[PDB]
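The structure appears below as structure tokens.
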Amino acid sequence: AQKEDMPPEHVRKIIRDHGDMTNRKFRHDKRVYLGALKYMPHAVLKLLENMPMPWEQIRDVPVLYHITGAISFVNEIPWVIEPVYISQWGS
Amino acid sequence: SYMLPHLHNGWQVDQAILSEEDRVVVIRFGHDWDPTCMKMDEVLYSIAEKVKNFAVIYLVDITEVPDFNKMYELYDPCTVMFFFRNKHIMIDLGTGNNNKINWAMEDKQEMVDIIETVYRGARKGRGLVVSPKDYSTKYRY
Amino acid sequence: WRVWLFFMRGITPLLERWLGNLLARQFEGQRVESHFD
Amino acid sequence: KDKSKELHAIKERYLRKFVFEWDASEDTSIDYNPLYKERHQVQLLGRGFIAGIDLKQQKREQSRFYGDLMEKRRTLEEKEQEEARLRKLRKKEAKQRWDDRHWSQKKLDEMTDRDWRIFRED
Amino acid sequence: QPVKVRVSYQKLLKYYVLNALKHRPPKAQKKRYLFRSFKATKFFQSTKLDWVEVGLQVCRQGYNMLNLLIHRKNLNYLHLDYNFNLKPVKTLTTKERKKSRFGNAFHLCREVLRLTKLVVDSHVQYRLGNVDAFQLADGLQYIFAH
Amino acid sequence: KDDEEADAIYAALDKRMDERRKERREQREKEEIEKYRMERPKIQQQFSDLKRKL
RNA sequence: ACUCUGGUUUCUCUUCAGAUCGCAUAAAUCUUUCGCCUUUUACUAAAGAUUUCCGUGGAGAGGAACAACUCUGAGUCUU
RNA sequence: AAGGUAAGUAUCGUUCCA
């Protein structure tokens with residue numbers, strides 16, 4: 001057993017369904033939805049830490065998302081060669 | 001604290017509110033082991049005999065009676081609620097909250113002051129009485 | 001840009017605790033002279 | 001005025017509101033003596049420059065003392081490459097000065113899409 | 001240089017020296033990563049995604065969280081817009097005004113969500129051709145400096 | 001019973017997250033109060049012998 | 001110049017962390033000292049002592065991928 | 001963010017829920 005990356009469009013079919021509480025897919029399964037919301041501010045960090053870079057047009061990142069689209073963490077740490085980073089900011 | 005009568009389940013406190021018509025029921029919700037609750041559960045001791053004519057004091061442990069936490073907002077460590085003829089007597093303090101005394105005080109005269117004011121305003125038939133002292137500060141200086 | 005991220009790592013557990021207390025099934029919420037008497 | 005200030009300093013030694021801008025009373029660079037009021041900036045052999053400041057602005061702002069020192073010591077046999085490298089630099093940044101030009105003196109054919117956006121933004 | 005940047009130099013050095021002096025060795029731990037436990041949990045999935053998509057996703061998620069916190073006691077006279085500004089739908093009677101009040105923690109969460117929403121919307125503006133890369137960088141610097 | 005399982009999963013996850021320094025912080029406080037219990041003992045065992053003599 | 005030699009990468013679990021864990025640096029709580037001092041919630045700005053948070057190093061264990069292309073020390077190191 | 005709820009008596013609408 002191992003963890004594999006679901007197709008990128010799968011999370012999009014959850015967000016559209018999870019636009020509001022009105023959707024009838026999730027009315028009684030609330031103990032699993034809102035429970036993850038306590039970790040929401042943490043997520044706000046993980047993307048501002050991995051925020052796309054001025055020379056980077058598209059910043060593809062690994063994303064760890066809840067099965068109900070309640071949260072979407074940026075499951076990465078922006079490790080950068082620091083001399084390269086300083087040279088790039090010099091340019 | 002331990003000297004005052006205690007209520008064990010939800011029915012008992014409702015009965016104690018209902019089993020009286022001519023006094024005021026002063027209920028100290030909280031935990032008698034709390035440093036805050038034990039600070040004023042001795043003030044309520046020192047005046048229980050004095051206010052026997054127009055006040056009866058019952059103690060309630062919210063853990064023992066987890067039936068009024070949500071409805072009356074029992075989440076401050078200590079709470080005091082006044083009831084008259086099965087009617088919660090709102091009292092206007094200096095603090096924003098006007099339904100309870102959620103802090104433990106120190107002077108045995110001021111609590112009798114508040115209880116007698118509540119009784120006086122409840123005989124008239126009010127629902128909100130006004131305390132003599134203002135608790136928007138602590139008068140410390 | 002980095003400063004607000006250090007602020008973020010500072011405030012992350014505070015909010016992760018306050019929200020947990022708020023968004024839960026069960027909610028929870030001059031003392032020395034009262035101590036030794 | 002330095003004397004009175006330094007004597008006064010000797011006498012000193014031996015005897016709600018959400019404001020974001022700091023106060024000018026936290027400034028510490030105030031000095032009563034010249035040797036610390038006006039510190040000799042490091043010329044750094046003339047070949048070293050402060051990071052943030054632009055390079056050629058420092059070069060023209062520089063005291064030129066090492067420039068005249070080099071003019072004194074340099075011999076003719078090794079001045080040809082100095083002149084050649086200097087003129088080649090002047091030419092290669094002249095490339096940038098002319099190719100990358102403001103639209104005020106760039107004709108329509110010279111003007112490019114980036115210059116078109118510059119003009120439209122203006 | 002003028003006084004308003006000299007004092008800036010001393011105030012930067014003050015915090016630098018304070019951090020250097022108040023530094024302590026990190027405490028020994030057991031290395032319990034957080035997202036790794038999430039990957040272990042059956043409730044989460046991994047996926048490669050564009051960052052701007054992640055920002056537009058997290059903005060909606062936080063907006064939904066804050067609307068749930070607002071409609072936690074079913075008080076319909078407080079409304080959260082998509083810029084994370086909490087406004088009344090009608091002029092507040094005093095009883096309802098006091099009845100609908102949130103502690104400093106909720107306001108702090110809303111404002112940090114507004115900050116991340118501002119950043120994400122600036123990046124979206126960059127991706128939609130509304131602003132230039134230079135404009136995007138200047139706007140990001142203005143956000144993080146104001 | 002899925003709600004209870006989800007709540008237990010999240011509680012177990014949080015409890016796992018506090019194991020970063022739980023075993024060390026609790027041991028430190030255990031050793032720390034025992035240094036305080038020397039100068040400032042407990043009242044009940046201050047009255048231990050008299051209670052026994054009762 | 002003959003030999004045996006034999007992997008690195010990746011994802012986890014479990015602990016130990018001396019060291020700038022980190023050539024970076026936040027927040028909270030408590031106890032003192034000021035400032036303010038009008039009550040909480042914010043503070044004030046230094047000290048000390050804690051905790052959580054974002055990270056890290058090492059060791060071991062378990063899988064997966066290059067597990068089998070190699071490769072390294074040893075050697076008698078054979079015209 | 002607060003320390004700024006007057007307490008009430010009426011019919012009417014709605015909705016969950018028993």
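Identifiers in this document derive from the order of the structure tokens: chains are assigned A, B, ..., residues are numbered from 1 separately in each chain, and ligands are numbered from 1 in order of occurrence.
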Where does chain G meet chain A within 12 Å, residue by residue, with the nearest atom pair and distance in Å to one decimal for each, counting only C-alpha atoms (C1' of nucleotides), listed by chain and rising number, as CSV?
```
residue,atom,partner,partner_atom,distance
G:11,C1',A:2,CA,8.5
G:12,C1',A:2,CA,9.6
G:23,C1',A:82,CA,11.6
G:53,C1',A:42,CA,9.8
G:54,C1',A:45,CA,9.0
G:55,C1',A:77,CA,9.2
G:63,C1',A:1,CA,9.2
G:64,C1',A:2,CA,8.9
```
Could you write out the selected residues, including N, CA, C and O atoms (P, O5', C5', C4', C3', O3' and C1' of nucleotides), as a PDB file, in the first residue's frame?
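Contents of the output file selection.pdb:
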```pdb
ATOM      1  P     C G  11      10.933  11.922  -0.514  1.00  0.00           P
ATOM      2  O5'   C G  11       9.852  10.915   0.077  1.00  0.00           O
ATOM      3  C5'   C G  11       8.665  10.624  -0.643  1.00  0.00           C
ATOM      4  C4'   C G  11       7.913   9.474  -0.024  1.00  0.00           C
ATOM      5  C3'   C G  11       7.645   9.580   1.466  1.00  0.00           C
ATOM      6  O3'   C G  11       6.558  10.433   1.778  1.00  0.00           O
ATOM      7  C1'   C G  11       8.443   7.418   0.968  1.00  0.00           C
ATOM      8  P     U G  12       6.408  11.021   3.263  1.00  0.00           P
ATOM      9  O5'   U G  12       5.786   9.808   4.085  1.00  0.00           O
ATOM     10  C5'   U G  12       6.071   9.636   5.463  1.00  0.00           C
ATOM     11  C4'   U G  12       5.852   8.209   5.893  1.00  0.00           C
ATOM     12  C3'   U G  12       6.064   7.921   7.369  1.00  0.00           C
ATOM     13  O3'   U G  12       4.955   8.287   8.170  1.00  0.00           O
ATOM     14  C1'   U G  12       7.180   6.287   6.088  1.00  0.00           C
ATOM     15  P     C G  23      21.734  27.783   9.882  1.00  0.00           P
ATOM     16  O5'   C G  23      21.852  29.333   9.540  1.00  0.00           O
ATOM     17  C5'   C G  23      21.763  30.318  10.564  1.00  0.00           C
ATOM     18  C4'   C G  23      22.648  31.504  10.269  1.00  0.00           C
ATOM     19  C3'   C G  23      22.701  31.927   8.804  1.00  0.00           C
ATOM     20  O3'   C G  23      22.850  33.344   8.720  1.00  0.00           O
ATOM     21  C1'   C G  23      24.871  31.355   9.538  1.00  0.00           C
ATOM     22  P     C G  53       3.048  21.819  18.503  1.00  0.00           P
ATOM     23  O5'   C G  53       3.318  23.095  17.590  1.00  0.00           O
ATOM     24  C5'   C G  53       2.239  23.861  17.077  1.00  0.00           C
ATOM     25  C4'   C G  53       2.730  25.039  16.276  1.00  0.00           C
ATOM     26  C3'   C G  53       3.745  24.727  15.193  1.00  0.00           C
ATOM     27  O3'   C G  53       3.154  24.202  14.020  1.00  0.00           O
ATOM     28  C1'   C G  53       4.465  26.607  16.423  1.00  0.00           C
ATOM     29  P     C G  54       3.871  23.004  13.227  1.00  0.00           P
ATOM     30  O5'   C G  54       4.755  23.752  12.138  1.00  0.00           O
ATOM     31  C5'   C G  54       4.212  24.818  11.378  1.00  0.00           C
ATOM     32  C4'   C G  54       5.290  25.737  10.865  1.00  0.00           C
ATOM     33  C3'   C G  54       6.472  25.064  10.190  1.00  0.00           C
ATOM     34  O3'   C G  54       6.204  24.695   8.850  1.00  0.00           O
ATOM     35  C1'   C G  54       7.251  26.706  11.702  1.00  0.00           C
ATOM     36  P     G G  55       6.802  23.327   8.264  1.00  0.00           P
ATOM     37  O5'   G G  55       7.858  22.882   9.367  1.00  0.00           O
ATOM     38  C5'   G G  55       8.939  22.023   9.040  1.00  0.00           C
ATOM     39  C4'   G G  55      10.237  22.785   8.967  1.00  0.00           C
ATOM     40  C3'   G G  55      11.500  21.958   9.120  1.00  0.00           C
ATOM     41  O3'   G G  55      11.882  21.299   7.928  1.00  0.00           O
ATOM     42  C1'   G G  55      11.637  23.836  10.526  1.00  0.00           C
ATOM     43  P     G G  63      10.543  -4.805   4.783  1.00  0.00           P
ATOM     44  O5'   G G  63       9.263  -4.604   3.860  1.00  0.00           O
ATOM     45  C5'   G G  63       9.398  -4.171   2.517  1.00  0.00           C
ATOM     46  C4'   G G  63       8.564  -2.946   2.247  1.00  0.00           C
ATOM     47  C3'   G G  63       8.748  -2.315   0.878  1.00  0.00           C
ATOM     48  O3'   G G  63       8.005  -2.971  -0.134  1.00  0.00           O
ATOM     49  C1'   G G  63       8.857  -0.635   2.529  1.00  0.00           C
ATOM     50  P     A G  64       8.763  -3.630  -1.389  1.00  0.00           P
ATOM     51  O5'   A G  64       8.911  -2.426  -2.418  1.00  0.00           O
ATOM     52  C5'   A G  64       7.767  -1.726  -2.882  1.00  0.00           C
ATOM     53  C4'   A G  64       8.124  -0.345  -3.365  1.00  0.00           C
ATOM     54  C3'   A G  64       9.251  -0.265  -4.380  1.00  0.00           C
ATOM     55  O3'   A G  64       8.837  -0.576  -5.699  1.00  0.00           O
ATOM     56  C1'   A G  64       9.603   1.349  -2.700  1.00  0.00           C
TER      57        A G  64
END
```
DSSP-assigned strand (DSSP E or B) among stretch 34-126 of chain E, expressed as a PyMOL selection string:
chain E and resi 44-50+78-80+86-88
Pick out the residues sitting within 10 Å of residue E:68, and hand them over as a count of residues only; count only C-alpha atoms (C1' of nucleotides), and ignore anything fewer than 4 positions along from it in its own chain.
10
If we count only C-alpha atoms (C1' of nucleotides) and set the cut-off at 7 Å, which residues sit around stretch 8-21 of chain F, ignoring sequence neighbours fewer than 4 positions away in its own chain? Please answer as a PyMOL selection string.
(chain E and resi 29-32) or (chain F and resi 4+25)
Give me the residues within 12 Å of residue C:21 as a PyMOL selection string, counting only C-alpha atoms (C1' of nucleotides) and dropping any in the same chain fewer than 4 places off.
(chain A and resi 35+37-38) or (chain B and resi 75) or (chain C and resi 14-17+25-29) or (chain E and resi 105)
Please, could you write that set of residues out with C-alpha atoms as a tab-separated table (two decimals), in the first residue's frame?
```
chain	number	residue	atom	x	y	z
A	35	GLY	CA	-13.40	19.00	12.07
A	37	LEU	CA	-11.44	23.44	9.61
A	38	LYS	CA	-9.49	23.84	12.87
B	75	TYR	CA	-18.35	28.59	30.64
C	14	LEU	CA	-3.28	30.15	18.92
C	15	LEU	CA	-5.86	30.08	16.12
C	16	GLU	CA	-5.69	26.29	15.76
C	17	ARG	CA	-6.65	26.10	19.45
C	25	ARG	CA	-19.27	19.46	19.91
C	26	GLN	CA	-18.31	20.39	23.49
C	27	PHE	CA	-17.31	23.95	24.40
C	28	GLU	CA	-15.03	25.00	27.26
C	29	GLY	CA	-14.23	28.43	28.68
E	105	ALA	CA	-9.31	35.70	17.66
```
Do you have the atom CA of residue E:142-atom CA of residue D:97 distance handy?
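Here the two named atoms are 29.7 Å from each other.
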Using only C-alpha atoms and a distance of at most 9 Å, pull out the residues of chain A that contact chain E, as a ChimeraX atom specification.
/A:3-8,10-11,15,19-21,32,34,37,40-41,43-45,47-48,50-52,54-55,57-75
At what distance in Å, to one decimal, does atom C1' of residue G:48 lie from atom CA of residue F:30?
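A separation of 20.7 Å between them.
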Do me a favour and pick out the residues of chain G within 10 Å of chain E, using only C-alpha atoms (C1' of nucleotides), as a VMD selection string.
chain G and resid 12 14 to 17 19 to 22 25 41 to 42 56
Would you please give, as a count of residues only, all residues of stretch 10-74 of chain A that DSSP assigns to helix (DSSP H, G or I) based on the backbone?
24
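Interatomic distance, atom CA of residue B:101 against atom CA of residue B:12: 21.9 Å.
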Top pick for closest residue to chain E, considering H:17, H:12, H:7, H:1 and counting only C-alpha atoms (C1' of nucleotides):
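The shortest atom-to-atom distance to chain E comes from H:1.
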Would you give me, as number ranges by chain, the residues of chain B that come within 12 Å of chain E, using only C-alpha atoms?
B: 70, 96-98
Identify all chain B residues at most 10 Å from chain C by counting only C-alpha atoms; ligands do not count. Present them as a PDB file with N, CA and C atoms, in the first residue's frame.
```
ATOM      1  N   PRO B  35     -10.351  27.819  42.452  1.00  0.00           N
ATOM      2  CA  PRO B  35      -9.925  28.955  43.284  1.00  0.00           C
ATOM      3  C   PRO B  35     -10.874  30.136  43.203  1.00  0.00           C
ATOM      4  N   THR B  36     -11.459  30.387  42.030  1.00  0.00           N
ATOM      5  CA  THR B  36     -12.429  31.469  41.908  1.00  0.00           C
ATOM      6  C   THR B  36     -13.714  31.139  42.655  1.00  0.00           C
ATOM      7  N   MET B  38     -14.234  29.043  45.076  1.00  0.00           N
ATOM      8  CA  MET B  38     -14.016  28.968  46.514  1.00  0.00           C
ATOM      9  C   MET B  38     -13.804  30.339  47.140  1.00  0.00           C
ATOM     10  N   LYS B  39     -13.445  31.344  46.338  1.00  0.00           N
ATOM     11  CA  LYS B  39     -13.301  32.699  46.860  1.00  0.00           C
ATOM     12  C   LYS B  39     -14.645  33.282  47.276  1.00  0.00           C
ATOM     13  N   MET B  40     -15.700  33.000  46.512  1.00  0.00           N
ATOM     14  CA  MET B  40     -17.013  33.556  46.799  1.00  0.00           C
ATOM     15  C   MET B  40     -17.957  32.557  47.457  1.00  0.00           C
ATOM     16  N   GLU B  42     -17.241  31.200  50.120  1.00  0.00           N
ATOM     17  CA  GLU B  42     -17.115  31.543  51.528  1.00  0.00           C
ATOM     18  C   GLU B  42     -17.785  32.865  51.864  1.00  0.00           C
ATOM     19  N   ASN B  69     -25.533  24.331  30.980  1.00  0.00           N
ATOM     20  CA  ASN B  69     -24.329  24.955  30.443  1.00  0.00           C
ATOM     21  C   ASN B  69     -24.631  25.715  29.157  1.00  0.00           C
ATOM     22  N   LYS B  70     -25.342  25.073  28.229  1.00  0.00           N
ATOM     23  CA  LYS B  70     -25.590  25.685  26.929  1.00  0.00           C
ATOM     24  C   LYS B  70     -26.612  26.812  27.019  1.00  0.00           C
ATOM     25  N   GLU B  73     -25.145  29.747  29.451  1.00  0.00           N
ATOM     26  CA  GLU B  73     -23.748  30.104  29.193  1.00  0.00           C
ATOM     27  C   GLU B  73     -22.881  29.883  30.436  1.00  0.00           C
ATOM     28  N   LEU B  74     -22.757  28.611  30.814  1.00  0.00           N
ATOM     29  CA  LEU B  74     -21.896  28.228  31.934  1.00  0.00           C
ATOM     30  C   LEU B  74     -20.533  27.807  31.396  1.00  0.00           C
ATOM     31  N   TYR B  75     -19.711  28.810  31.111  1.00  0.00           N
ATOM     32  CA  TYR B  75     -18.352  28.591  30.644  1.00  0.00           C
ATOM     33  C   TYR B  75     -17.328  29.480  31.326  1.00  0.00           C
ATOM     34  N   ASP B  76     -17.750  30.537  32.013  1.00  0.00           N
ATOM     35  CA  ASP B  76     -16.884  31.187  32.975  1.00  0.00           C
ATOM     36  C   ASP B  76     -16.712  30.279  34.192  1.00  0.00           C
ATOM     37  N   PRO B  77     -15.567  30.362  34.877  1.00  0.00           N
ATOM     38  CA  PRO B  77     -15.331  29.444  36.005  1.00  0.00           C
ATOM     39  C   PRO B  77     -16.400  29.507  37.083  1.00  0.00           C
ATOM     40  N   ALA B 104     -15.808  36.311  41.207  1.00  0.00           N
ATOM     41  CA  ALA B 104     -15.916  36.112  42.645  1.00  0.00           C
ATOM     42  C   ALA B 104     -15.398  37.354  43.357  1.00  0.00           C
ATOM     43  N   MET B 105     -16.213  37.910  44.246  1.00  0.00           N
ATOM     44  CA  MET B 105     -15.861  39.137  44.932  1.00  0.00           C
ATOM     45  C   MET B 105     -15.410  38.830  46.358  1.00  0.00           C
ATOM     46  N   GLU B 106     -15.236  39.880  47.156  1.00  0.00           N
ATOM     47  CA  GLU B 106     -14.493  39.777  48.403  1.00  0.00           C
ATOM     48  C   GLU B 106     -15.211  40.335  49.623  1.00  0.00           C
TER      49      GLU B 106
END
```
Considering only C-alpha atoms (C1' of nucleotides), return as a PyMOL selection string whatever protein or nucleic-acid residues lie within 12 Å of residue D:112, sequence-local ones (same chain, fewer than 3 positions apart) excluded.
chain D and resi 99-103+106-109+115-120
